[PDB]
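The structure appears right after this line, and notes come after that.
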Ligand SMILES: [Zn+2]
Ligand SMILES: [Zn+2]
């Protein structure tokens with residue numbers, strides 16, 4: 001699956 | 201939080217943390233999902249198939 005890490009915790 | 205920042209997920213909140221995309225391009229369940237809202241372990245990848253809680257119950 002597409003996953004991402006975002007800046008906001 | 202800028203009011204223009206899109207919201208996502210079951211929880212209807214902005215992006216944060218690790219998120220996973222529903223495999224359905226036409227997802228009406230929130231498109232992207234915070235790992236914690238959908239039972240996934242933070243800071244892990246998810247290489248295989250995944251539908252959100254709505255799309256995984258849709259009839260095929
Ligand atoms: Zn969420
Ligand atoms: Zn979906």
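Protein chains in written order, with the deposited numbering: chain P, 1 to 9; chain A, 201 to 260. Here a beta-carbon is modelled for each residue, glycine too, at the ideal position from N, C-alpha and C.
| Asked | Found |
| --- | --- |
| Residue 229 (chain A) and residue 252 (chain A) closer than 8 Å at C-beta | yes |
| Reduced DSSP secondary structure (H/G/I, E/B, other) of residue 251 (chain A) | coil |
| First and last residue of the uninterrupted beta strand (DSSP E) at residue 223 (chain A) | Counting along the chain, residue 223 (chain A) falls outside any beta strand (DSSP E), and DSSP gives it neither H nor E. |
| Exercise answer, beta-carbon shell around ligand 3 heavy atoms below 5 Å | The ligand content of the structure shown is limited to ligand 1 and ligand 2, which means ligand 3 is not among them. |
| Strand pairing of residue 210 (chain A), partner residues [DSSP] | According to DSSP, residue 210 (chain A) bridges with nothing at all. |
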